[PDB]
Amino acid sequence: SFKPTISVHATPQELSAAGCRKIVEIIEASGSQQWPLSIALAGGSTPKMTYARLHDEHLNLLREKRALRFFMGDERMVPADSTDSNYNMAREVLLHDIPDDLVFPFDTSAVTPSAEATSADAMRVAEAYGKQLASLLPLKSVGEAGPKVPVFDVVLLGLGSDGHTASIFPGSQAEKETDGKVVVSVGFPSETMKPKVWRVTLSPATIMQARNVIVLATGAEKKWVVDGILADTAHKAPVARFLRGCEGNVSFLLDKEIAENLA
């Protein structure tokens, strides 16, 4: 049913190392003629190390060879120069060395420091990005004669302590957007997740059409999440369990603690 590739690593430096090679392998296996490949970036300290890795040893591939076109998988409705911005983090560690025409962040230019972003601001931003995606990437229907969503070559994902991924939180509308009518969803963090601001994020539908999905996660507090995704019959499962329905190649790069129970 679900046979994902799994690799357990002892340290973050090792997990990020596996992350770097994986991406590079996808780039090379795909071929120079398929470049630039579309990739949806994830935020967080784990992916950050992977991006630093790419910056230090593979700029000839990414910069000179222009192998990748960078998009954001989810973003915080804050200014692009905010420390809470996922794009800001990606630019700092890597994107600053990438040709400007290969970098596509969410247009959050309307968000000002004076006022918090609202649900409508988020939906407006998600809508504009979705159209841009449907314009730049190849489309595919979700189910026969189903709605069409853009197809990413690669989608990077993190995992949360509460069981979410990207900005698709428990009991949210985004969680049910699996039919393909919505390409880019919106979401607001639960009580225990930070920062407290509205988010825009790829819907579960879009994510499941990606050619390659790579989840980078660590920590003993996220162990039930991995277990709940891989488990054969999970009723009280985590939101991330929807990753079972992904149509492309699915990989899990984990650390020892989060994969302890792993059989």
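Start at 1 with the first residue shown and count on from there.
When the two stretches 107 to 115 and 175 to 183 are set side by side, the higher mean Cα temperature factor goes to 107 to 115. Averaged over their C-alpha atoms, the temperature factors of 27 to 35 and 63 to 71 are higher for 27 to 35. Residue-level inspection of the entry shows that, of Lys236, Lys48, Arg211, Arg199, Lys236 has the top Cα B-factor. Sort the chain's modelled residues by C-alpha temperature factor and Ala240 lands in the middle third, per the entry. Sorting the modelled residues of the chain by their CA temperature factor places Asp81 in the highest third.
Annotation for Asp162: C-alpha temperature factor in the highest third relative to the rest of the modelled chain, per the entry.
Annotation for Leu230: C-alpha temperature factor in the highest third relative to the rest of the modelled chain, per the entry. Remark: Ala18 belongs to the lowest third of its chain, ranked by C-alpha B-factor as recorded.
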